Amino acid sequence: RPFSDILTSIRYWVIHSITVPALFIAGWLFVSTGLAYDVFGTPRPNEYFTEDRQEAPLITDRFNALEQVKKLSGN
Amino acid sequence: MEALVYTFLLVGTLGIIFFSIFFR
Amino acid sequence: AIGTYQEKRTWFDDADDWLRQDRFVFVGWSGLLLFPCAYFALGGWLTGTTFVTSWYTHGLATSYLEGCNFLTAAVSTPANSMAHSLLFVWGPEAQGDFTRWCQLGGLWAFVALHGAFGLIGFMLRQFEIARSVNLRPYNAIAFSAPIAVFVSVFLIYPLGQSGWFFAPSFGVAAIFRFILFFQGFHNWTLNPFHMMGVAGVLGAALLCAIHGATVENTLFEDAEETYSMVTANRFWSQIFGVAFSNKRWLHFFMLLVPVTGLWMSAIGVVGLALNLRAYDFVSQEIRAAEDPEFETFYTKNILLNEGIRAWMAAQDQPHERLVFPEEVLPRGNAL
Amino acid sequence: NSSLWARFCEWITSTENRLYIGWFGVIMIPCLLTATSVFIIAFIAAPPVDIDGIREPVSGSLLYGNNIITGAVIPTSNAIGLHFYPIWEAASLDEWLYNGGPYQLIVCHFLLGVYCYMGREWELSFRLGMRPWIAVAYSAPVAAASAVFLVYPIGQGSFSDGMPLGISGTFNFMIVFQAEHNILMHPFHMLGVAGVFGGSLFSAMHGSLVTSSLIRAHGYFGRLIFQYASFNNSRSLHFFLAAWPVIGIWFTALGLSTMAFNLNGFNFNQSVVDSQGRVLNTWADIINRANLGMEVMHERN
Amino acid sequence: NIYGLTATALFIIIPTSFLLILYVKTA
Amino acid sequence: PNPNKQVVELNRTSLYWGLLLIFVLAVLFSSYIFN
Amino acid sequence: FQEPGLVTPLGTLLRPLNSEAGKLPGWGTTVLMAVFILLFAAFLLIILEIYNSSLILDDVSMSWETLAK
Amino acid sequence: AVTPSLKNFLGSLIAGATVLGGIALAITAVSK
Amino acid sequence: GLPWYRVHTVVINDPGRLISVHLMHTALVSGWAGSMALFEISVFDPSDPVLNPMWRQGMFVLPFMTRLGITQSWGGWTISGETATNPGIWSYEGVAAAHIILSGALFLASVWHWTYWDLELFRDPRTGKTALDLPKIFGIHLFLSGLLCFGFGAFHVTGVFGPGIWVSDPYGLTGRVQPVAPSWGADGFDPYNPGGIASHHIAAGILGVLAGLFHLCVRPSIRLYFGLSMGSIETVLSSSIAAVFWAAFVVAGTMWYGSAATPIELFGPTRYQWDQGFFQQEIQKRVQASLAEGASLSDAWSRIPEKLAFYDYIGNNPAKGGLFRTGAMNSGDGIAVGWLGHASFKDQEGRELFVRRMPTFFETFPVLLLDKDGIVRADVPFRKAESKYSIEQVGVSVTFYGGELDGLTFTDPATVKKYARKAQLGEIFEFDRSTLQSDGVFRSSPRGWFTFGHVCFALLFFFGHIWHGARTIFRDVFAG
Ligand code: CLA
Ligand code: CLA
Ligand code: CLA
Ligand code: CLA
Ligand SMILES: C=Cc1c(C)c2cc3nc(c4c5[nH]c(cc6nc(cc1[nH]2)C(C)=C6CC)c(C)c5C(=O)[C@@H]4C(=O)OC)[C@@H](CCC(=O)OC/C=C(\C)CCC[C@H](C)CCC[C@H](C)CCCC(C)C)[C@@H]3C
Ligand SMILES: CC(C)=CCC/C(C)=C\CC/C(C)=C/CC/C(C)=C/CC/C(C)=C/CC/C(C)=C/CC/C(C)=C/CC/C(C)=C/CC/C(C)=C/CC1=CC(=O)C(C)=C(C)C1=O
Ligand SMILES: CCCCCCCCCCCCCCCC(=O)OC[C@H](COP(=O)(O)OC[C@@H](O)CO)OC(=O)CCCCCCCCCCCCCCC
Ligand SMILES: CC1=C(/C=C/C(C)=C/C=C/C(C)=C/C=C/C=C(C)/C=C/C=C(C)/C=C/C2=C(C)CCCC2(C)C)C(C)(C)CCC1
Ligand SMILES: CC1=C(/C=C/C(C)=C/C=C/C(C)=C/C=C/C=C(C)/C=C/C=C(C)/C=C/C2=C(C)CCCC2(C)C)C(C)(C)CCC1
Ligand SMILES: [Fe+2]
């Protein structure tokens with residue numbers, strides 16, 4: 001129950017021996033596979049500038065901004 | 001003038017300091 | 001069952017009893033507002049610093065994924081085009097697209113609003129805990145200062161400006177950018193309210209250091225006070241000239257100095273929200289204009305502010321699309 | 001010493017004086033009074049100073065069209081550099097004032113005064129029979145004063161680079177220093193900002209907690225923060241209050257001392273680049289653009 | 001500035017007088 | 001009568017506090033009020 | 001007690017409005033109070049988002065142009 | 001739902017009401 | 001004895017003396033209103049309502065007086081610049097005198113209530129001690145508030161038995177006090193819809209009278225009574241301060257962002273009208289429409305009212321003033337005499353150049369003569385800086401269309417440079433700084449000053465609400 005007892009006990013280590021590495025590997029696949037770029041919209045290093053746009057993108061429309069960002073990005 | 005009023009305010013502050021430290 | 005005058009037990013009584021249990025963490029009723037809001041504010045900032053980009057809002061690559069470190073990573077504010085839109089995931093812009101909503105910079109709005117409500121919840125938590133053990137809630141009143149600062153600089157200031165774009169983005173380097181932005185544009189150093197705030201902050205640091213050192217040095221050898229009030233009083237009376245003869249008033253002064261400083265800073269930033277700034281002394285400006293030889297540190301400060309403005313607006317305000325030719329950018333050798 | 005049956009020695013060490021003089025005060029009082037008088041006189045009225053030898057007489061005297069905020073004691077002329085410039089070296093008093101000699105006079109006397117002030121703090125810690133480390137805590141503001149008034153001129157090779165004895169002058173010195181050394185991004189000044197903010201934070205918390213506790217504490221703070229408070233005993237809490245701002249200011253003073261010798265803050269310009277090598281802007285290079293503006297506008301030439 | 005001088009004089013005068021009369025009432 | 005009345009008490013320390021506050025605000029804000 | 005207090009015609013007229021000081025068992029109408037709290041919060045959000053252009057309505061224009069209409 | 005914005009806002013209102021109901025039911029269940 | 005900051009706490013337990021002090025504060029506020037109105041009328045200059053309106057004269061109370069119907073004056077002038085043949089009883093001077101008389105009457109009432117504080121009305125009939133039945137007092141006062149709100153919305157704003165309110169066209173060219181028919185649709189919540197105000201006041205007054213009747217006929221629940229300390233006056237103070245700074249924030253935001261309750265012609269243009277080029281867009285649309293009809297550039301620009309061009313000027317932007325730049329705008333850039341006209345800059349080749357207007361943030365901004373495509377075809381070097389596309393080199397010429405300088409062309413590099421530096425601020429206007437010894441630095445609008453004051457007061461009253469909620473909730477520990 002207290003920190004000393006719970007972290008000292010081997011039950012915590014064995015139950016978390018298969019989970020903490022699992023979460024670390026989950027993050028590693030999330031980053032390496034590029035899913036982070038797809039889900040969070042971060043451009044990959046090879047797509048910051050497109051063929052149409054060769055400067056920092058700028059969004060002007062306030063309401064019709066979804067389509068503007070779709071156009072500015074690779075999509 | 002402006003400089004004289006600034007000096008007056010500063011010397012008044014110094015007098016308040018002196019009274020506070022000495023005139024308890 | 002339990003109540004003021006034989007009041008029947010209701011669901012609210014059970015909920016209050018559970019929320020106020022003396023477990024490891026005091027949840028309390030204010031917990032329902034603090035923990036979700038504060039947790040989501042911290043999570044939003046961490047996600048924005050890790051993954052979400054600022055390319056489409058500020059034209060910057062500010063996150064760990066893009067290659068920035070802790071100092072340069074930030075959750076950049078939305079673009080100036082968004083103006084003061086709260087940028088909900090369901091708003092008219094980024095209509096439910098989480099990816100685009102992150103790209104729009106709405107994650108900054110998420111963090112800012114959830115953090116504002118987390119601060120409200122934490123102040124309410126201070127009130128609840130103070131009432132729990134029957135103490136005056138002076139800590140909540142003290143925390144009113146940081147809440148005032150946050151509301152002034154993160155919410156009121158952008159609201160008075162053209163949009164959320166000019167709010168301070170949640171990042172170290174971004175906050176430095178905000179600080180230099182105020183220096184260059186608002187002459188925020190010269191503002192008397194900022195002067196009072198910095199005086200209060202430095203005085204509070206001085207009080208902290210001096211009180212700690214003296215209480216640790218006037219300790220008694222081997223229910224009763226552990227340090228000699230008379231000794232500290234005599235030491236400061238004969239060293240500085242003024243000393244605290246009352247512990248109550250001393251600690252209240254330690255409370256009051258930083259709170260007052262931050263509140264005056266908040267008032268000054270409210271003024272800056274409308275560009276109501278103590279930027280210049282008109283008399284000195286006209287004296288310098290009529291007399292080229294006349295020069296002071298104030299005129300030099302104005303020149304440095306102009307340099308900051310002109311050399312930074314090109315990249316700090318992409319929406320303006322400013323392109324200053326090299327011949328018009330202010331320079332020291334061009335004076 | 002030993003003057004008229006040691007009466008002078010008795011009076012200097014006498015604790016019955018309203019302000020304890022002490023043997024360190026024997027040097028502090030003259031030094032600090034000289035610095036105070038010269039500073040007041042120069043601020044009120046002093047001819048404009050060539051802060052740089054370009055012959056641009058910057059003016060910082062109130063009588064010369066300045067106010068309290070703008071008024072300052074201009075740093076010594078860059079032509080003098082680190083040379084010792086007391087009154088007797090200048091060809092005339094007018095030349096001495098025109099080159100910014102009052103700044104060296106004030107800075108030297110004031111630094112000696114604050115050092116002897118730490119000394120007096122120790123002396124009255126010993127006289128009253130208590131533990132003498134208030135001087136150690138006071139060494140932090142003294143360290144910063146030395147860094148801004150003495151160490152920075154030493155590193156930059158000229159007293160013209162020391163902080164002007166003014167308010168607007170202080171802001172100009174800070175803006176210049178950020179321009180040239182990127183003070184904001186240096187980890188030591190970052191640690192000093194942390195120290196000052198935490199000092200205010202802990203001052204407010206201590207004041208509030210003690211004020212609320214003095215009905216005539218530990219549980220409240222324990223339930224408030226989830227990790228509880230390690231400094232349950234008041235002695236440890238007060239040592240923490242002493243240590244946090246003190247070492248924060250020690251480290252910012254040391255950071256400034258290092259930049260005196262041209263060791264600037266973190267330089268993350270062009271840290272992140274495109275696949276083709278195009279530079280992608282961050283907040284670091286926007287700070288760099290601001291620094292470029294400050295730098296170009298500083299160099300009046 | 002006549003307005004500024006008058007404002008500064010009033011700000012110096014009225015609160016100082018208020019505090020002083022309070023002290024005279026009860027020291 | 002006045003069943004609940006209390007004369008205001010302002011000791012010497014509070015006097016000096018107020019005077020110092022007023023004079024400090026004056027020196028700080030005069031440079032801006034004059035402008 | 002001691003002094004009964006000054007008696008005036010207006011005081012007597014308005015006494016019944018001040019005779020119920022300190023007085024309802026249970027939670028009373030706190031549930032209806034909460035319902036109205038939620039309704040008012042929804043209304044405030046509606047008007048805020050209308051003002052902030054986060055709730056675009058066909059009828060509204062959200063600009064000075066609506067003055068001419 | 002006369003406009004997409006109103007539809008989205010009402011959906012958000014019901015979502016937040018669902019969140020509040022969920023947290024209320026959670027505290028109720030865990031109370032006893 | 002009570003400290004200096006606690007002294008007023010003496011009147012906590014005396015309802016009669018509480019009435020007295022509240023009456024005194026109300027008298028002070030009404031007297032301030034009257035004195036301010038008199039002062040503003042004394043210093044008002046109604047000669048030029050186009051280029052020198054009230055907001056240019058730094059008038060704070062006059063916009064509010066004229067918003068709700070007070071247009072005429074006892075001095076023989078109306079607010080539109082015409083002659084007020086029949087001023088009537090209700091005028092600026094009349095309203096100020098009414099406020100002063102009310103201040104005096106309220107002062108007398110405060111004195112009376114102070115002296116006779118022992119009224120039996122405040123004594124509990126059964127307990128025998130001074131007690132205020134706060135829930136029922138609130139019911140009464142909310143009923144009155146709702147009744148008065150309905151009256152204002154249905155008789156004053158709607159003009160059924162009142163003058164109406166100030167309604168103006170979107171660009172604030174022709175605006176007058178008119179009856180405002182309520183708008184019950186969704187557009188009623190459009191902030192720039194005047195009918196919204198009338199409909200709001202009607203509906204809110206109806207609900208206010210309903211809620212007042214409810215709070216009169218329904219007692220508070222014991223659980224709520226003890227939870228909110230409804231028997232204490234300080235919880236009422238904290239909640240009132242809460243509502244008050246909520247209202248302060250709302251009104252400050254409404255003033256800063258503009259609405260039907262803050263007309264342009266009274267409080268001046270908004271910051272976001274200059275930022276978004278509202279007046280610039282309207283003027284360009286009008287000019288293009290005129291040109292499409294075949295009119296000349298001079299004729300097309302002559303049709304633009306001087307008022308619209310005056311609005312299209314950064315000096316009128318409320319976000320250009322200073323915190324300590326005291327006084328009216330007339331003491332800044334100077335009193336506006338006339339409109340020079342639109343400055344078209346044509347380079348030697350023949351291209352038309354447009355000056356990059358000053359963004360609201362910048363106090364000093366580079367003078368850039370751009371192209372249609374936005375390329376910087378010319379500029380002015382920074383003081384004595386190296387020139388590559390300077391006015392002298394490119395030799396751009398400025399031709400003025402409309403206004404005083406209609407059909408005048410200047411090719412002198414100095415004159416063109418000066419006019420470009422003036423045009424970066426918006427429309428070029430002539431100002432006479434000699435009348436008021438104007439400093440030449442922009443100053444904030446009554447809109448901006450109102451926003452600053454009320455946001456600062458809202459933050460301070462947030463702190464006050466925090467403190468008083470602490471005191472009322474923690475009364476047990478604040479006083480054993
Ligand atoms: C419980 C704590 C809490 C609090 C205070 C907030 C507060 C907020 N959140 Mg957060 N959030 C929370 C929990 C919380 N959230 C949780 C648990 C999640 C995970 C699902 C999120 C996920 C989340 C996202 C993803 C976003 C927010 C956003 C927001 C903001 C706007 C929310 C809004 O106006 O719509 C919700 C408001 C209401 C439902 C109004 C409540 C009033 C009543 C209860 C509803 C009406 C009931 C009534 C009886 C029916 C009327 C019918 C009528 C229509 C006819 C606001 C700062 C948005 C934002 O601003 O980010 C930029 C955003 O994008 N939140
Ligand atoms: C929120 C309320 C409010 C607002 C928005 C205005 C707005 C305005 N007034 Mg009015 N006025 C008010 C209240 C208000 N006034 C009150 C209560 C009085 C009675 C004294 C007056 C009396 C008055 C006169 C007599 C005149 C004005 C004038 C003006 C205009 C010029 C700008 C200005 O105010 O001076 C600039 C404002 C400042 C310099 C103050 C802002 C700076 C801050 C507050 C710091 C000041 C230092 C001080 C020590 C306070 C700080 C406390 C410290 C402890 C932190 C402007 C339209 C002038 C005008 O043109 O009207 C025709 C004019 O002649 N006002
Ligand atoms: C509806 C508004 C309202 C009301 C009725 C009260 C009433 C009260 N307050 Mg609260 N308070 C308010 C707003 C209000 N306050 C706000 C907005 C703040 C934030 C600063 C505070 C902060 C506050 C604190 C911190 C304390 C009180 C206290 C008190 C009590 C004593 C008042 C006092 O100091 O007298 C004496 C007043 C003076 C000697 C004047 C001081 C000089 C002031 C600061 C400057 C003068 C300004 C000028 C003349 C007025 C114009 C400003 C106006 C336009 C707002 C009294 C019950 C005290 C209390 O109850 O103690 C137990 C207390 O400790 N109040
Ligand atoms: C820093 C913020 C803050 C703090 C610490 C307090 C603290 C306090 N208030 Mg105050 N109050 C505040 C803000 C604050 N208030 C605001 C902004 C208002 C509206 C004007 C009020 C109105 C108010 C009243 C009317 C009363 C109090 C009372 C109290 C006390 C008891 C707690 C209570 O009533 O719950 C306050 C709880 C909150 C402020 C948190 C509510 C959080 C909401 C429900 C979440 C809404 C989220 C939603 C999605 C909106 C998103 C917005 C946007 C993104 C679209 C306590 C001293 C009472 C008192 O005096 O005690 C005796 C009392 O009667 N307060
Ligand atoms: C930058 C300086 C600074 C920081 C970081 C800070 C932080 C803190 N102070 C607290 C307390 C206090 N602050 C106080 C006085 C002061 N505090 C000051 C300055 C600071 N205070 C100053 C100057 C004063 C003097 C008035 C008091 C009196 C208290 C307390 O009572 C309390 C305490 O117990 O101290 C330990 C805690 C608030 C409770 C919490 O976790 O939030 C809960 C709410 C959250 C987390 C939501 C807000 C989220 C915000 C918007 C940030 C979100 C984004 C990221 C997390 C941050 C981005 C960072 C980048 C910019 C680099 C927290 C540890
Ligand atoms: C020509 C001339 C003269 C030139 C003029 C010079 C000039 C250019 C500048 C000066 C102008 C000037 C004054 C400007 C500053 C104005 C300014 C911005 C002021 C701030 C104003 C203000 C209201 C701000 C709000 C915040 C605020 C309240 C700050 C207060 C700061 C403050 C006073 C801090 C405390 C400072 C201090 C030294 C405390 C020491 C107290 C002390 C000895 C306690 C020690 C101690 C510890 C114990 O633990 C115990 C137990 C005991 C017993 C004990 O004693
Ligand atoms: C691709 C997404 C990847 C996400 C990361 C992976 C982990 C999974 C995380 C899932 C959640 C992510 C966020 C949604 C990302 C997303 O895709 O959202 C999309 C969705 C909006 O969808 P639409 O607007 O298109 O739907 C219209 C209607 O049908 C419903 O709105 O937003 C919501 O789900 C509701 C908003 C949150 C719930 C309501 C607001 C909550 C606050 C309520 C506060 C009330 C006040 C209380 C006061 C005390
Ligand atoms: C639902 C939602 C959400 C949410 C989210 C969240 C809630 C998140 C969280 C998150 C988190 C929660 C995160 C965390 C992170 C962490 C980290 C990242 C950490 C790090 C650490 C470190 C780095 C450390 C270090 C150190 C050192 C080395 C020194 C010594 C000590 C220490 C340990 C401190 C999202 C946005 C999606 C969307 C919207 C809604
Ligand atoms: C008795 C009477 C009468 C008369 C009366 C009168 C004539 C009155 C007047 C009155 C008046 C004539 C009043 C006035 C008032 C005023 C006021 C009340 C003011 C206030 C102010 C203030 C409050 C301010 C503040 C401030 C400033 C200064 C600025 C800014 C800052 C501050 C905010 C601080 C007769 C026999 C005929 C008839 C019957 C009644
Ligand atoms: Fe202590």
# chains A, B, ... in the order shown; residues from 1 in each chain; ligands from 1
>>> closest_atom_pairs(of="chain G", to="chain I", cutoff="10 Å", atoms="only C-alpha atoms", output="tab-separated table")
residue	atom	partner	partner_atom	distance
G:1	CA	I:128	CA	5.9
G:2	CA	I:128	CA	9.5
G:3	CA	I:118	CA	8.6
G:4	CA	I:120	CA	7.0
G:5	CA	I:120	CA	4.7
G:6	CA	I:119	CA	4.5
G:7	CA	I:120	CA	5.8
G:8	CA	I:119	CA	7.6
G:10	CA	I:121	CA	8.4
G:11	CA	I:121	CA	4.8
G:12	CA	I:121	CA	6.9
G:13	CA	I:121	CA	8.9
G:14	CA	I:121	CA	6.9
G:15	CA	I:121	CA	5.3
G:16	CA	I:121	CA	8.9
G:17	CA	I:136	CA	6.8
G:18	CA	I:133	CA	5.4
G:19	CA	I:125	CA	6.0
G:20	CA	I:133	CA	6.1
G:21	CA	I:133	CA	3.9
G:22	CA	I:231	CA	6.3
G:23	CA	I:219	CA	6.8
G:24	CA	I:221	CA	4.7
G:25	CA	I:222	CA	5.8
G:26	CA	I:221	CA	6.2
G:27	CA	I:221	CA	5.2
G:28	CA	I:221	CA	4.7
G:29	CA	I:221	CA	7.0
G:30	CA	I:221	CA	7.3
G:46	CA	I:189	CA	9.2
G:47	CA	I:189	CA	6.5
G:48	CA	I:189	CA	9.6
G:50	CA	I:190	CA	7.2
G:51	CA	I:191	CA	6.8
G:57	CA	I:186	CA	7.7
G:58	CA	I:186	CA	8.7
G:59	CA	I:187	CA	5.7
G:60	CA	I:187	CA	4.6
G:61	CA	I:190	CA	7.0
G:62	CA	I:190	CA	5.8
G:63	CA	I:192	CA	6.4
G:64	CA	I:170	CA	4.7
G:65	CA	I:170	CA	5.1
G:66	CA	I:193	CA	6.2
G:67	CA	I:170	CA	5.5
G:68	CA	I:169	CA	5.5
G:69	CA	I:193	CA	8.8
>>> residues_around(residues="region 88-93 of chain D", least_positions_apart="5", cutoff="12 Å", atoms="only C-alpha atoms", output="PyMOL selection string")
chain D and resi 46-47+80+83+98-102+105
>>> write_last_selection(atoms="N, CA and C atoms", output="mmCIF file, in the first residue's frame")
data_model
loop_
_atom_site.group_PDB
_atom_site.id
_atom_site.type_symbol
_atom_site.label_atom_id
_atom_site.label_comp_id
_atom_site.auth_asym_id
_atom_site.auth_seq_id
_atom_site.Cartn_x
_atom_site.Cartn_y
_atom_site.Cartn_z
ATOM 1 N N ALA D 46 25.187 66.513 -13.893
ATOM 2 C CA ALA D 46 26.489 66.083 -14.383
ATOM 3 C C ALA D 46 26.497 66.261 -15.889
ATOM 4 N N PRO D 47 27.594 66.716 -16.486
ATOM 5 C CA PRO D 47 27.603 66.940 -17.933
ATOM 6 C C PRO D 47 27.434 65.632 -18.682
ATOM 7 N N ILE D 80 38.412 55.184 -22.101
ATOM 8 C CA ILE D 80 39.075 54.807 -20.856
ATOM 9 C C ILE D 80 39.197 53.292 -20.763
ATOM 10 N N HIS D 83 40.861 51.188 -17.737
ATOM 11 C CA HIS D 83 41.850 51.993 -17.037
ATOM 12 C C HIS D 83 41.242 52.621 -15.790
ATOM 13 N N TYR D 98 33.265 64.391 -18.215
ATOM 14 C CA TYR D 98 32.908 64.148 -19.604
ATOM 15 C C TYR D 98 33.230 62.727 -20.043
ATOM 16 N N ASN D 99 34.164 62.059 -19.371
ATOM 17 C CA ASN D 99 34.534 60.687 -19.691
ATOM 18 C C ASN D 99 33.833 59.662 -18.809
ATOM 19 N N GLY D 100 32.967 60.095 -17.897
ATOM 20 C CA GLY D 100 32.229 59.162 -17.068
ATOM 21 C C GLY D 100 32.972 58.637 -15.861
ATOM 22 N N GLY D 101 33.911 59.417 -15.309
ATOM 23 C CA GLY D 101 34.604 59.043 -14.097
ATOM 24 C C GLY D 101 33.727 58.836 -12.880
ATOM 25 N N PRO D 102 32.667 59.631 -12.695
ATOM 26 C CA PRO D 102 31.781 59.383 -11.549
ATOM 27 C C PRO D 102 31.256 57.966 -11.505
ATOM 28 N N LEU D 105 33.933 55.934 -9.841
ATOM 29 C CA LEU D 105 33.977 56.293 -8.427
ATOM 30 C C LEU D 105 32.848 55.604 -7.668
#
>>> select_by_dssp(residues="region 213-352 of chain I", states="helix (DSSP H, G or I)", output="ChimeraX atom specification")
/I:213-217,222-227,233-257,264-267,271-275,278-292,297-302,306-311,314-316,318-320,329-331
>>> residues_near_ligand(ligand="ligand 2", cutoff="8 Å", atoms="only C-alpha atoms and all ligand atoms", output="number ranges by chain")
C: 193, 264; E: 11; F: 25-26, 29, 33; I: 32, 36, 39-40, 43-44, 55, 57-60, 323-328, 444-454
>>> write_last_selection(atoms="C-alpha atoms", output="PDB file, in the first residue's frame")
ATOM      1  CA  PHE C 193       2.986  48.723 -13.650  1.00  0.00           C
ATOM      2  CA  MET C 264       0.028  45.410 -10.579  1.00  0.00           C
TER       3      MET C 264
ATOM      4  CA  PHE E  11      -1.612  63.065  -4.798  1.00  0.00           C
TER       5      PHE E  11
ATOM      6  CA  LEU F  25       4.231  55.883  -6.002  1.00  0.00           C
ATOM      7  CA  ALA F  26       4.747  59.620  -6.513  1.00  0.00           C
ATOM      8  CA  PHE F  29       4.525  57.930 -11.535  1.00  0.00           C
ATOM      9  CA  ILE F  33       2.196  61.997 -15.344  1.00  0.00           C
TER      10      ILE F  33
ATOM     11  CA  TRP I  32     -20.216  62.724 -10.387  1.00  0.00           C
ATOM     12  CA  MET I  36     -19.069  65.303 -15.492  1.00  0.00           C
ATOM     13  CA  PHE I  39     -17.936  69.758 -17.554  1.00  0.00           C
ATOM     14  CA  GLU I  40     -18.174  67.904 -20.867  1.00  0.00           C
ATOM     15  CA  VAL I  43     -15.742  71.858 -23.012  1.00  0.00           C
ATOM     16  CA  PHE I  44     -17.765  70.434 -25.924  1.00  0.00           C
ATOM     17  CA  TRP I  55     -15.160  60.732 -29.257  1.00  0.00           C
ATOM     18  CA  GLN I  57     -13.124  65.416 -27.995  1.00  0.00           C
ATOM     19  CA  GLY I  58     -12.503  62.786 -25.311  1.00  0.00           C
ATOM     20  CA  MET I  59     -16.052  62.787 -23.955  1.00  0.00           C
ATOM     21  CA  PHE I  60     -16.877  59.909 -21.611  1.00  0.00           C
ATOM     22  CA  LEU I 323      -1.441  54.723 -20.894  1.00  0.00           C
ATOM     23  CA  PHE I 324      -0.354  58.205 -19.765  1.00  0.00           C
ATOM     24  CA  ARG I 325      -1.125  60.068 -23.007  1.00  0.00           C
ATOM     25  CA  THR I 326      -3.880  61.941 -21.216  1.00  0.00           C
ATOM     26  CA  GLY I 327      -6.631  63.932 -22.896  1.00  0.00           C
ATOM     27  CA  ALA I 328      -8.829  63.748 -25.959  1.00  0.00           C
ATOM     28  CA  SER I 444      -7.006  56.427 -26.993  1.00  0.00           C
ATOM     29  CA  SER I 445     -10.729  56.687 -27.666  1.00  0.00           C
ATOM     30  CA  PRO I 446     -13.470  56.787 -25.038  1.00  0.00           C
ATOM     31  CA  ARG I 447     -14.022  53.239 -26.288  1.00  0.00           C
ATOM     32  CA  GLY I 448     -10.453  52.287 -25.402  1.00  0.00           C
ATOM     33  CA  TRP I 449     -10.435  54.167 -22.103  1.00  0.00           C
ATOM     34  CA  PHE I 450     -13.753  52.612 -21.087  1.00  0.00           C
ATOM     35  CA  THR I 451     -12.374  49.173 -21.932  1.00  0.00           C
ATOM     36  CA  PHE I 452      -9.166  49.764 -19.967  1.00  0.00           C
ATOM     37  CA  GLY I 453     -10.939  51.105 -16.902  1.00  0.00           C
ATOM     38  CA  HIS I 454     -13.622  48.439 -16.841  1.00  0.00           C
TER      39      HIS I 454
END
>>> residues_near_ligand(ligand="ligand 3", cutoff="7 Å", atoms="only C-alpha atoms and all ligand atoms", output="VMD selection string")
chain I and resid 4 to 9 12 237 240 to 241 457 460 to 465 467 to 468
>>> residues_near_ligand(ligand="ligand 9", cutoff="7 Å", atoms="only C-alpha atoms and all ligand atoms", output="PyMOL selection string")
chain I and resi 28-29+31-32+35+100-105+107-108
>>> residues_around(residues="region 6-11 of chain F", least_positions_apart="6", cutoff="9 Å", atoms="only C-alpha atoms", output="PDB file with C-alpha atoms, in the first residue's frame")
ATOM      1  CA  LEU E  19      -2.859  59.667   7.210  1.00  0.00           C
ATOM      2  CA  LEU E  22      -5.672  59.713  11.361  1.00  0.00           C
ATOM      3  CA  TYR E  23      -2.483  59.642  13.433  1.00  0.00           C
ATOM      4  CA  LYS E  25      -6.895  61.046  16.043  1.00  0.00           C
ATOM      5  CA  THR E  26      -5.108  57.966  17.427  1.00  0.00           C
ATOM      6  CA  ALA E  27      -1.324  57.670  17.686  1.00  0.00           C
TER       7      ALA E  27
ATOM      8  CA  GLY I   1     -10.033  49.942  17.240  1.00  0.00           C
ATOM      9  CA  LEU I   2     -10.782  49.111  13.625  1.00  0.00           C
ATOM     10  CA  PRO I   3      -7.776  49.430  11.278  1.00  0.00           C
ATOM     11  CA  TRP I   4      -7.941  51.941   8.452  1.00  0.00           C
ATOM     12  CA  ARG I   6     -11.545  47.663   8.309  1.00  0.00           C
ATOM     13  CA  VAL I   7     -13.302  50.854   9.420  1.00  0.00           C
ATOM     14  CA  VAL I  10     -18.583  49.088  11.390  1.00  0.00           C
TER      15      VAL I  10
END
